[PDB]
Amino acid sequence: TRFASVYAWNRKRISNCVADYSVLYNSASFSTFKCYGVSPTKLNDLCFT
Amino acid sequence: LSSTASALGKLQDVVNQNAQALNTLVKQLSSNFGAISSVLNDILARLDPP
């Protein structure tokens, strides 16, 4: 509902999740989904500490 | 021959040189030469084909 200002960018730690990246990525609302060192379709075939 | 150390230094040198070259060769396999990662499985699981 309300993101933090640019200069004071908030952070949140994500842990023990199951990340359904593919269902998020294929959504139409994201105007851009650039990724670096990783590809979006592969994201489910991965797991990051 | 029994007592003196390094009596066979030349054969030892040959073996050491060969083993050292192989050890370097396998070690180089760990370096990524600027790539994203040094494991092909990691790259293939992480990145799209192109």
# chains A, B, ... in the order shown; residues from 1 in each chain; ligands from 1
$ interface_residues --of "chain A" --to "chain B" --cutoff "8 Å" --atoms "only C-alpha atoms" --output "count of residues only"
8
$ select_by_dssp --residues "chain A" --states "alpha helix (DSSP H)" --output "JSON, numbers by chain"
{"A": [21, 22, 23, 24, 25]}
$ write_last_selection --atoms "N, CA and C atoms" --output "JSON list (two decimals), in the first residue's frame"
[["chain", "number", "residue", "atom", "x", "y", "z"],
["A", 21, "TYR", "N", 8.02, -18.04, -7.91],
["A", 21, "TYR", "CA", 8.45, -17.01, -8.85],
["A", 21, "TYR", "C", 7.73, -17.08, -10.20],
["A", 22, "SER", "N", 7.52, -18.28, -10.75],
["A", 22, "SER", "CA", 6.90, -18.35, -12.07],
["A", 22, "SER", "C", 5.50, -17.74, -12.11],
["A", 23, "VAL", "N", 4.69, -17.93, -11.06],
["A", 23, "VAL", "CA", 3.35, -17.35, -11.10],
["A", 23, "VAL", "C", 3.39, -15.84, -10.93],
["A", 24, "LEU", "N", 4.38, -15.33, -10.20],
["A", 24, "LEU", "CA", 4.58, -13.89, -10.07],
["A", 24, "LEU", "C", 5.07, -13.27, -11.38],
["A", 25, "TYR", "N", 6.11, -13.87, -11.97],
["A", 25, "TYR", "CA", 6.74, -13.33, -13.18],
["A", 25, "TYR", "C", 5.77, -13.25, -14.35]]
$ atom_distance --atom1 "atom CA of residue A:35" --atom2 "atom CA of residue A:15"
20.7 Å
$ atom_distance --atom1 "atom CA of residue A:1" --atom2 "atom CA of residue A:27"
18.5 Å
$ atom_distance --atom1 "atom CA of residue B:24" --atom2 "atom CA of residue B:40"
19.5 Å
